[PDB]
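**Student:** Dropping the structure in here first, questions after.
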Amino acid sequence: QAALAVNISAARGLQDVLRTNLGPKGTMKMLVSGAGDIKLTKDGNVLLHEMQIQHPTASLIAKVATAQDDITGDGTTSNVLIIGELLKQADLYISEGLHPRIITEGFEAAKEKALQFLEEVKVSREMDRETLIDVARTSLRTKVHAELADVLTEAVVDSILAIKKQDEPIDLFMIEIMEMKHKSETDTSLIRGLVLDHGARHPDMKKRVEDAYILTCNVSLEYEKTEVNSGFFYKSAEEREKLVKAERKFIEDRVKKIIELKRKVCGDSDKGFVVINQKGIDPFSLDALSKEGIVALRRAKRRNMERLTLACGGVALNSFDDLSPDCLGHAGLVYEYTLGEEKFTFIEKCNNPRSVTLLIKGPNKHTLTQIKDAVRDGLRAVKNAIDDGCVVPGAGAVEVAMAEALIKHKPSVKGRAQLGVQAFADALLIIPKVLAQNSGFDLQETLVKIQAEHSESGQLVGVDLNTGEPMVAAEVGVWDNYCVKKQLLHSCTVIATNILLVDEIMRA
Amino acid sequence: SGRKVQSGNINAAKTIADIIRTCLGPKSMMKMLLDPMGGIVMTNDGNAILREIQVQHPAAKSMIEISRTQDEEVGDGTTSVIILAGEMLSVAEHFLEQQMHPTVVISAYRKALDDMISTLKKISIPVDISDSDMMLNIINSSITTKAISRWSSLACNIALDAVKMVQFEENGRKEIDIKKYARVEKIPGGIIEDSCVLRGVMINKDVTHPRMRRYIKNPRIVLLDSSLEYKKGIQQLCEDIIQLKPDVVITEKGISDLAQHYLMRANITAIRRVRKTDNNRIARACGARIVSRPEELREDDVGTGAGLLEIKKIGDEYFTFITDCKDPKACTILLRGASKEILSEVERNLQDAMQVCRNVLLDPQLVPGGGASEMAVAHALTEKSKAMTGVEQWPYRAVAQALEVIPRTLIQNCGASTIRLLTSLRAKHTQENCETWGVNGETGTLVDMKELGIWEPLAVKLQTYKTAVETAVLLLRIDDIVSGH
Amino acid sequence: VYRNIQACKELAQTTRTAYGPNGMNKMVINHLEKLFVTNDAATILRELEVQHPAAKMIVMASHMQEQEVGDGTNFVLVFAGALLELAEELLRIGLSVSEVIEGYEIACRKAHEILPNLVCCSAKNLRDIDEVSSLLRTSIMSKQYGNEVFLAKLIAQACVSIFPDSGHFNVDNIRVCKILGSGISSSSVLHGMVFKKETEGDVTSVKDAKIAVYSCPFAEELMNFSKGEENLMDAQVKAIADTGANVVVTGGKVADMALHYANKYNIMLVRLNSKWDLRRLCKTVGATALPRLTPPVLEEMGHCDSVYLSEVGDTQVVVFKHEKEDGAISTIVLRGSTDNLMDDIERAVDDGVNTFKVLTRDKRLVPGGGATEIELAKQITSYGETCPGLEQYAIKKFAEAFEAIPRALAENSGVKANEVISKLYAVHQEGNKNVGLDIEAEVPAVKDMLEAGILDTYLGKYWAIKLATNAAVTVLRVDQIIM
Ligand SMILES: Nc1ncnc2c1ncn2[C@@H]1O[C@H](COP(=O)(O)OP(=O)(O)O)[C@@H](O)[C@H]1O
Ligand SMILES: Nc1ncnc2c1ncn2[C@@H]1O[C@H](COP(=O)(O)OP(=O)(O)O)[C@@H](O)[C@H]1O
Ligand SMILES: Nc1ncnc2c1ncn2[C@@H]1O[C@H](COP(=O)(O)OP(=O)(O)O)[C@@H](O)[C@H]1O
């Protein structure tokens, strides 16, 4: 009776908050932390995750929306807007009776019809560079500056096209994004291979290593001593001061074992013996091995080690011995880069060329994070587009066509479910309206123009988000993901139904 | 206070201008009147809006008074005057906060007014006079969009004949016109087609018993304010009247049957219970003279007037027809119908067209309406301010940028966006030199007004602009209100 | 959004007055309760507790401008403030924020290519101390008072022209040392790092020496304890005096026994080490900090060239000159009545030397004093009519935003802003680009800067315009956040 009205109001409020973000012309929002940190972004997922929402059912809507969006690529803001408009349209009739079950049945019938229509609307255009360029542009201009998006499109599409060679759905592990704080953000491209986070304090070991072999195995040049005897330097100081010794002998034994491996499998002092350790190593033994051509490195995290295993190879353990060279891997170029004060290890031209990283050089922290999230969203969008092999027109287009199909299908259904069908159609109308509003044009004028142009053309037509006139998305190059639309319809119907079915609020 | 009083005056001006800012154009929005009894009034006219509302600030009262004085002087345009004055006084806020004196603002406003006058007189399209073609075109342009569209076929020719009935040839060529001297005869009953015209004064009063020589083939009217009595024991005044031998002598007192016989002994026809608004037009159309002092009595006491008199009792009521008057400056116009609810409005719009005609005699010019003239003069000023320098250039430009409020509100109360349309209108009005386009008031779309067919008299536009500028300078010249509260 | 624009307006207003050579210096009290009087805008922003996240963006933009060019910060502030004011009025008209953003970007793109067309570049080179100092005059003229600029320019230039090698310069090379006392005129140019000392047992002719760095500053039973303390101290001074050590520094005070043992080794005892001096020494000679006395070693020890006492400045100072490059480091000695005006002069010297560094990589000079701002405003507002559509409003507002710089530079100099702006704009049609705003006359008169030599760098103006436009755009694209 009243809990339904409360839920309607909260969903409408959330829709109003999120309204001015849909579309590439949408205005970004600023997230200031309690500590003082500031985050400026527009992606629906991060807004719903990081917002300090007050209304409880609004928090529920956000939680379920982000949970379902984690499955597909994106489309969260459109989903929230559609849920809000669905609820408003339903309430418009519930105010005059209309037990919500009737509206729910109308919603499910309209969902079935819309899924069918989307099945007959999808475009099965083949694989090529240009369509995926357009997909990346569509997915990127909705998240970041226009020119920066144009820059990022080439890198993202080339990376995904390179990874596509396996002819299986693969991502995430095989593409990594590195973080660094260069002043010039223009430097952004693909780095085929692997880039380590940081190197070590070493005076001119090799610079251009060129061909080399990788074994890792967490070299113990700073092997764990016997420092821990009893708490700290107690009255029995000779323990932690003298018994702490006799472990440097283990370090030297490891040094000779590395020497044996190097001049056993390498055959000479060249052909760098690339090894990485998770903890520190003494500079003395470091330079001693460096003079022998051994590429010794230290203080790396796990993820780079498992990345190296699947790319180059090598066991990982702090305490080791002269193991077999079976786990050893080889890299074409192990060039090390340095920019000002921080050093980069470019492990390039390795075996298994699947592992590829991307370079970003944003000036500050928040721009870096925004670029990272935009790149991730673009990668997910292109991955989805390749996986389904079918794309649908954007800029609305499908929304208005589904609306026309539902409206002409309204008399077909029996009972009062026509009310639910009409509400569902008017709810799907929200997306082109929100695009037109965010562009700066008039809601109803643009909507009428789009619908009228679609009337006698038949072909999908959408909003041109620079002049407001109708445009055919196929020719311009605006594309959406078919799986995104499927998940959108399913999730919006499910959440709207669940909110509508409630009748009472009680504490617990 | 200092500039605080200036800001208060122009704030009152702004808050009274936007009250009626929405009710102009062919799609004026309605207003709500809530009297403290509960009644509610539908209103489209901003004049009645200002008349009914009550204000407390002297600036608002002065502006309302100037709007009225413009209303009964030139006719229409009161809403435009108020809007323009409010807009200029509002854009003066920016400069009055620059700590820069009102005097230089005033000088800039006066220069802007002079340049606007020049550019209106330059852009005005000519019209012919005594030609029904573009007279009816003006009827279609301005006399339309009123309650006359059903009765335009009669209003048009009524005005077109009425244009030549109130002329004074004093100093030039028919440049003098007077407004109330037209003998209006508004009487309901019968069909509206019975409304006609006549050259002469039409007097609704008549003698009680017209059994005497009322009509003479050369009425030499003599006016007298004296009262006619029985006899001397005053026949002495009648005897003195006999000296100059007139045929009609007009008084303003009742006449008895024996008084009637005493008058017809001198063969003079008197009248009673007549109005001063009738006596003055009788004298104007007849060129008579009033005198009763014996010393001043000379041969000049009798002035020949009409040449034919007639009395007709159309519908058992006492009319008096005085046709073929010596001076065709106060002549009869007839009005017929059922109710005076619209015929009054049709009449008033017809004398508005009459003023249009007399100004056409002065300046046969029309300015393109629908915001065309406003944007044309704004472009003229903005291109003119480029050459001129000095600290007063900013108000000079701001007046131009402020006068475009008329097309802005025409677009606003039509539905269409007021930003894109204004930008497009300016775009096709600067580089396009010889076009002077306007905005359609109905559909809210730009259209060349030479094609739509809307034009306004030059004189009314000039009067509106001048009154707006003078109101702005007057409200900027007031440095203190205080003589009490 | 109007809340953000209002906050940025307030933050621009609070530092608007300090712009120009007649900037009204403010009183500054920090959390540890000092009392500064400073006209430097960047210093004002440092002690402003700016909490509004919108104004934080403009502050970061100013920091980036200073971090890359080192001057024009307050120009960025005032330009962004004017841009936001005009964007706010455009929004109030009814224009969408997106259209304003597009217009601002187009106008900035136009200005970036208009700018290099009004340059009167440098004369011949960084050499010819008099000429190059004349170029470096305007920055110091503005940042500190306009009186002692003629001498401050020579002082700040004679030091920086020492090493114009391979066209590479570093700001940290030109260091500044404080010597209180006499007036500014007594300041001069010296070579090598300098600070105070205590002892006098110093040797002048020194080969590559050895620096010791101290990170940690300093009845028979009583006699035996005193002897034990004495012998322990002697052992420690012998241990620190080994390996041919010649100079020692410590952050503490002097002790008669400690200085006696130092002198008996023919070693002077240097004290009064500031909290900032040790890092500068370690980076300049490749030394390291030694916590206690007992671990001295030859390897953990930095090398100097010459150490001796200089009486210049009516006081005793130490000199560490002729480093590895033998000419890289070049200090400047400063003399002043107190330390409060010392900081103003050091900031003026920094704001001059960084302009010189900018000039090293760009010989282009632009007529300052509002000349270039009014020229850009005229060019952009003329281009505005050539562009029909919804972006003309934003382009015109960009021109009016350039109009703000001479406006502020006049109104903070006791001159009617509108009058001087109108006169400048009118003259600028015939009395072309090189004309600007005269400061000397109380009457609002104009004066040419090409003759007067009031010029500012091209790269600084270019980067400042770019950064200010970017800040305004990135602060216009924010809707709200709960606060
Ligand atoms: N160039 C364009 N012109 C018009 N509409 C566009 C354009 N690019 C994207 N869109 C629309 O923006 C919508 C996606 O925006 P948004 O919801 O912010 O992305 P997501 O939520 O998937 O991160 C799509 O429905 C698409 O129709
Ligand atoms: N058909 C039309 N299309 C566009 N504008 C019109 C039209 N008719 C009248 N106007 C505009 O209306 C304005 C005058 O109307 P208004 O001042 O409200 O009437 P009044 O003068 O009686 O107060 C003129 O500026 C004219 O441009
Ligand atoms: N003598 C002068 N006359 C007129 N203008 C000057 C004079 N000296 C400097 N200026 C102007 O004042 C400005 C001062 O900039 P400044 O406030 O120092 O920036 P920042 O503080 O960020 O370094 C310069 O851009 C310059 O154009």
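Chain lettering (A, B, ...) mirrors the order of the structure tokens, residue numbering begins at 1 for each chain separately, and ligand numbering begins at 1 in order of display.
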Name the residues, by chain letter and number, that sit within 8 Å of ligand 3 using only C-alpha atoms and all ligand atoms, and give them as an MDAnalysis selection string.

**Tutor:** chainID C and resid 18:21 23 40:42 66 70:76 138:143 146 351 367:370 409 436:439 454:456

**Student:** Take the residues that were just selected and, keeping N, CA, C and O atoms, output them as a tab-separated table (two decimals), in the first residue's frame.

**Tutor:**
```tsv
chain	number	residue	atom	x	y	z
C	18	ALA	N	47.10	40.04	-5.36
C	18	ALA	CA	48.55	39.91	-5.35
C	18	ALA	C	49.16	39.92	-6.74
C	18	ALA	O	50.39	39.99	-6.85
C	19	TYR	N	48.35	39.83	-7.78
C	19	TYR	CA	48.87	39.84	-9.14
C	19	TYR	C	49.55	41.16	-9.47
C	19	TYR	O	49.14	42.23	-8.99
C	20	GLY	N	50.59	41.09	-10.28
C	20	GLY	CA	51.25	42.28	-10.78
C	20	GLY	C	52.31	42.81	-9.84
C	20	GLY	O	52.45	42.36	-8.70
C	21	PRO	N	53.08	43.79	-10.31
C	21	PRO	CA	54.14	44.36	-9.47
C	21	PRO	C	53.63	45.11	-8.26
C	21	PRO	O	54.36	45.22	-7.27
C	23	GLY	N	51.23	44.12	-6.31
C	23	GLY	CA	50.44	43.17	-5.56
C	23	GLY	C	50.39	43.47	-4.08
C	23	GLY	O	51.43	43.75	-3.47
C	40	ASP	N	53.68	36.70	-2.84
C	40	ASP	CA	53.76	35.58	-3.77
C	40	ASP	C	52.49	34.74	-3.68
C	40	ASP	O	52.14	34.25	-2.60
C	41	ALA	N	51.81	34.56	-4.81
C	41	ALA	CA	50.51	33.89	-4.80
C	41	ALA	C	50.64	32.42	-4.46
C	41	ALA	O	49.79	31.87	-3.74
C	42	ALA	N	51.67	31.75	-4.97
C	42	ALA	CA	51.86	30.34	-4.67
C	42	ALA	C	52.05	30.13	-3.18
C	42	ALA	O	51.56	29.14	-2.61
C	66	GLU	N	53.40	25.57	-11.98
C	66	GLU	CA	54.63	25.91	-11.27
C	66	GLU	C	55.66	24.79	-11.38
C	66	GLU	O	56.86	25.06	-11.51
C	70	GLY	N	57.25	27.27	-13.49
C	70	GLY	CA	57.70	27.99	-12.32
C	70	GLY	C	57.21	29.41	-12.17
C	70	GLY	O	57.57	30.07	-11.19
C	71	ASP	N	56.39	29.90	-13.09
C	71	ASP	CA	55.82	31.24	-12.97
C	71	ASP	C	54.49	31.28	-13.71
C	71	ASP	O	54.17	30.39	-14.50
C	72	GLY	N	53.73	32.34	-13.46
C	72	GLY	CA	52.40	32.46	-14.02
C	72	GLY	C	51.32	31.72	-13.26
C	72	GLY	O	50.22	31.57	-13.79
C	73	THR	N	51.61	31.26	-12.04
C	73	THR	CA	50.62	30.54	-11.25
C	73	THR	C	49.38	31.38	-11.02
C	73	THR	O	48.25	30.97	-11.33
C	74	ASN	N	49.57	32.59	-10.48
C	74	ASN	CA	48.43	33.46	-10.22
C	74	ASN	C	47.70	33.81	-11.51
C	74	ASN	O	46.48	34.04	-11.49
C	75	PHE	N	48.41	33.85	-12.64
C	75	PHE	CA	47.73	34.01	-13.92
C	75	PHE	C	46.78	32.85	-14.17
C	75	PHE	O	45.65	33.06	-14.61
C	76	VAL	N	47.22	31.63	-13.88
C	76	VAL	CA	46.34	30.47	-14.03
C	76	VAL	C	45.13	30.63	-13.13
C	76	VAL	O	43.99	30.39	-13.55
C	138	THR	N	61.84	41.39	-15.66
C	138	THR	CA	60.41	41.57	-15.40
C	138	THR	C	59.91	40.64	-14.29
C	138	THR	O	59.07	41.04	-13.48
C	139	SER	N	60.40	39.40	-14.25
C	139	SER	CA	59.92	38.46	-13.24
C	139	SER	C	60.23	38.96	-11.83
C	139	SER	O	59.33	39.05	-10.98
C	140	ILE	N	61.49	39.31	-11.58
C	140	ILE	CA	61.85	39.84	-10.27
C	140	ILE	C	61.16	41.18	-10.02
C	140	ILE	O	60.77	41.48	-8.89
C	141	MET	N	60.99	41.98	-11.08
C	141	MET	CA	60.27	43.24	-10.93
C	141	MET	C	58.88	43.01	-10.37
C	141	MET	O	58.43	43.74	-9.48
C	142	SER	N	58.18	42.00	-10.88
C	142	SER	CA	56.83	41.74	-10.41
C	142	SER	C	56.80	41.09	-9.04
C	142	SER	O	56.01	41.49	-8.18
C	143	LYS	N	57.66	40.09	-8.80
C	143	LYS	CA	57.43	39.22	-7.65
C	143	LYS	C	57.76	39.93	-6.34
C	143	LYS	O	57.02	39.81	-5.36
C	146	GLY	N	59.37	46.82	-6.98
C	146	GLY	CA	59.92	47.34	-8.21
C	146	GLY	C	61.12	48.24	-8.06
C	146	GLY	O	61.63	48.75	-9.06
C	351	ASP	N	61.91	32.59	-8.81
C	351	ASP	CA	61.02	32.94	-9.90
C	351	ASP	C	61.74	33.65	-11.04
C	351	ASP	O	61.14	33.85	-12.10
C	367	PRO	N	55.32	40.20	-25.47
C	367	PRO	CA	55.10	41.46	-24.76
C	367	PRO	C	54.12	41.31	-23.61
C	367	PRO	O	52.93	41.05	-23.82
C	368	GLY	N	54.61	41.48	-22.39
C	368	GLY	CA	53.80	41.35	-21.20
C	368	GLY	C	53.09	42.63	-20.84
C	368	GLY	O	52.91	43.53	-21.66
C	369	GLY	N	52.70	42.72	-19.57
C	369	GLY	CA	51.97	43.89	-19.11
C	369	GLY	C	50.58	44.00	-19.67
C	369	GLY	O	50.05	45.11	-19.78
C	370	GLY	N	49.96	42.88	-20.03
C	370	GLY	CA	48.64	42.87	-20.60
C	370	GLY	C	48.58	43.01	-22.10
C	370	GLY	O	47.49	42.93	-22.67
C	409	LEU	N	45.37	43.58	-13.16
C	409	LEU	CA	46.65	44.26	-13.05
C	409	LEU	C	46.49	45.76	-12.89
C	409	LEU	O	47.39	46.42	-12.36
C	436	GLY	N	50.90	48.21	-23.86
C	436	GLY	CA	50.35	47.60	-22.67
C	436	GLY	C	49.91	48.61	-21.62
C	436	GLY	O	49.54	49.74	-21.95
C	437	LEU	N	49.96	48.21	-20.35
C	437	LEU	CA	49.50	49.04	-19.24
C	437	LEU	C	50.69	49.65	-18.52
C	437	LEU	O	51.58	48.93	-18.06
C	438	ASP	N	50.68	50.97	-18.38
C	438	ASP	CA	51.72	51.68	-17.66
C	438	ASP	C	51.40	51.68	-16.17
C	438	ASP	O	50.25	51.89	-15.77
C	439	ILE	N	52.42	51.44	-15.35
C	439	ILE	CA	52.23	51.35	-13.90
C	439	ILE	C	52.56	52.66	-13.21
C	439	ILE	O	51.92	53.03	-12.22
C	454	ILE	N	59.48	45.33	-20.95
C	454	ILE	CA	58.66	44.50	-20.08
C	454	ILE	C	58.15	43.34	-20.92
C	454	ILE	O	57.19	43.47	-21.67
C	455	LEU	N	58.80	42.18	-20.78
C	455	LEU	CA	58.48	41.01	-21.59
C	455	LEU	C	58.40	39.79	-20.70
C	455	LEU	O	58.99	39.74	-19.62
C	456	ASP	N	57.65	38.79	-21.16
C	456	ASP	CA	57.57	37.51	-20.47
C	456	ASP	C	57.63	36.38	-21.48
C	456	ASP	O	57.36	36.55	-22.67
```

**Student:** Would you list which chain A residues are within 10 Å of chain B using only C-alpha atoms, as a ChimeraX atom specification?

**Tutor:** /A:441-442,445

**Student:** Next, the residues of the selection above should be written as a short mmCIF file (atom, residue, chain, number, x, y, z; two decimals), in the first residue's frame with C-alpha atoms.

**Tutor:**
```cif
data_model
loop_
_atom_site.label_atom_id
_atom_site.label_comp_id
_atom_site.auth_asym_id
_atom_site.auth_seq_id
_atom_site.Cartn_x
_atom_site.Cartn_y
_atom_site.Cartn_z
CA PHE A 441 18.05 19.00 -26.87
CA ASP A 442 14.36 18.64 -26.07
CA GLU A 445 10.80 16.84 -29.92
#
```

**Student:** Report the closest atom pair, with its distance in Å rounded to one decimal, for each residue of chain A that has an atom no farther than 7 Å from ligand 1; count only C-alpha atoms and all ligand atoms, sort by chain and then rising residue number, and write it as CSV.

**Tutor:**
```
residue,atom,partner,partner_atom_place_in_ligand_line,distance
A:21,CA,ligand 1,18 (O),6.2
A:22,CA,ligand 1,18 (O),4.2
A:23,CA,ligand 1,12 (O),4.0
A:24,CA,ligand 1,8 (N),5.5
A:43,CA,ligand 1,23 (O),5.4
A:44,CA,ligand 1,21 (O),5.6
A:74,CA,ligand 1,22 (O),3.9
A:75,CA,ligand 1,22 (O),3.2
A:76,CA,ligand 1,21 (O),4.4
A:77,CA,ligand 1,21 (O),4.8
A:78,CA,ligand 1,17 (O),4.8
A:138,CA,ligand 1,8 (N),4.5
A:139,CA,ligand 1,9 (C),6.8
A:141,CA,ligand 1,8 (N),6.5
A:142,CA,ligand 1,18 (O),5.3
A:143,CA,ligand 1,18 (O),6.9
A:394,CA,ligand 1,27 (O),3.7
A:395,CA,ligand 1,27 (O),3.2
A:396,CA,ligand 1,27 (O),5.0
A:435,CA,ligand 1,5 (N),6.9
A:463,CA,ligand 1,4 (C),5.9
A:464,CA,ligand 1,4 (C),5.5
A:465,CA,ligand 1,4 (C),4.8
A:478,CA,ligand 1,1 (N),5.8
A:480,CA,ligand 1,24 (C),6.5
```

**Student:** Using only C-alpha atoms, which residues sit within 8 Å of segment 355-366 of chain C once same-chain residues fewer than 3 positions away are excluded, as a list in words?

**Tutor:**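 Result of the neighbour search: residues 69, 70, 71, 118, 119, 120, 121, 122, 126, 136, 139, 167, 168, 169, 170, 171, 351, 352, 372, 455, 456, 457, 458, 459 and 460 of chain C.
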
**Student:** Using only C-alpha atoms, which of C:182, C:188, C:418, C:330 sits nearest residue 153 of chain C?

**Tutor:** C:188

**Student:** So that each row is one residue of chain A with an atom at most 7 Å from chain C, can you give its shortest atom pair and the distance in Å to one decimal, using only C-alpha atoms, rows by chain and rising number, as a Markdown table?

**Tutor:**
```
| residue | atom | partner | partner_atom | distance |
| --- | --- | --- | --- | --- |
| A:25 | CA | C:98 | CA | 6.8 |
| A:27 | CA | C:477 | CA | 5.2 |
| A:28 | CA | C:478 | CA | 5.3 |
| A:29 | CA | C:478 | CA | 5.2 |
| A:30 | CA | C:481 | CA | 6.2 |
| A:31 | CA | C:481 | CA | 6.5 |
| A:440 | CA | C:96 | CA | 5.7 |
```

**Student:** Kindly provide, as a PyMOL selection string, the residues of chain C having any atom no farther than 12 Å from an atom of chain B, counting only C-alpha atoms.

**Tutor:** chain C and resi 90-96+99+378+381-382+385-393+411+416-429

**Student:** Take the residues that were just selected and, keeping C-alpha atoms, output them as a PDB file, in the first residue's frame.

**Tutor:**
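Result written to part22.pdb:
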```pdb
ATOM      1  CA  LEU C  90      26.423  31.268 -19.984  1.00  0.00           C
ATOM      2  CA  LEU C  91      24.765  28.460 -18.034  1.00  0.00           C
ATOM      3  CA  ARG C  92      22.335  30.983 -16.566  1.00  0.00           C
ATOM      4  CA  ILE C  93      21.491  32.050 -20.123  1.00  0.00           C
ATOM      5  CA  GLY C  94      20.463  28.480 -20.896  1.00  0.00           C
ATOM      6  CA  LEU C  95      23.380  26.977 -22.786  1.00  0.00           C
ATOM      7  CA  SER C  96      24.212  23.390 -21.929  1.00  0.00           C
ATOM      8  CA  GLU C  99      28.317  23.390 -25.558  1.00  0.00           C
ATOM      9  CA  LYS C 378      40.842  40.873 -29.750  1.00  0.00           C
ATOM     10  CA  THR C 381      36.569  37.854 -30.287  1.00  0.00           C
ATOM     11  CA  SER C 382      37.117  38.657 -33.962  1.00  0.00           C
ATOM     12  CA  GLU C 385      31.779  36.033 -35.453  1.00  0.00           C
ATOM     13  CA  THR C 386      33.396  33.842 -38.117  1.00  0.00           C
ATOM     14  CA  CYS C 387      32.036  30.773 -36.288  1.00  0.00           C
ATOM     15  CA  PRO C 388      28.227  30.479 -36.343  1.00  0.00           C
ATOM     16  CA  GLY C 389      26.439  28.124 -34.006  1.00  0.00           C
ATOM     17  CA  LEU C 390      26.216  27.624 -30.271  1.00  0.00           C
ATOM     18  CA  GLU C 391      29.976  27.840 -29.638  1.00  0.00           C
ATOM     19  CA  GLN C 392      30.232  31.550 -30.465  1.00  0.00           C
ATOM     20  CA  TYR C 393      29.057  32.458 -26.964  1.00  0.00           C
ATOM     21  CA  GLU C 411      42.536  47.548 -10.338  1.00  0.00           C
ATOM     22  CA  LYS C 416      39.958  52.520 -12.921  1.00  0.00           C
ATOM     23  CA  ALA C 417      39.772  49.122 -14.596  1.00  0.00           C
ATOM     24  CA  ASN C 418      37.112  49.847 -17.215  1.00  0.00           C
ATOM     25  CA  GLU C 419      38.800  53.074 -18.306  1.00  0.00           C
ATOM     26  CA  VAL C 420      42.212  51.493 -18.832  1.00  0.00           C
ATOM     27  CA  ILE C 421      40.737  48.417 -20.532  1.00  0.00           C
ATOM     28  CA  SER C 422      38.814  50.603 -22.971  1.00  0.00           C
ATOM     29  CA  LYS C 423      41.853  52.783 -23.663  1.00  0.00           C
ATOM     30  CA  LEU C 424      44.082  49.736 -24.155  1.00  0.00           C
ATOM     31  CA  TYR C 425      41.613  48.040 -26.485  1.00  0.00           C
ATOM     32  CA  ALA C 426      41.068  51.206 -28.531  1.00  0.00           C
ATOM     33  CA  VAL C 427      44.784  51.955 -28.872  1.00  0.00           C
ATOM     34  CA  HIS C 428      45.534  48.314 -29.638  1.00  0.00           C
ATOM     35  CA  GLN C 429      43.866  48.607 -33.065  1.00  0.00           C
TER      36      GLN C 429
END
```
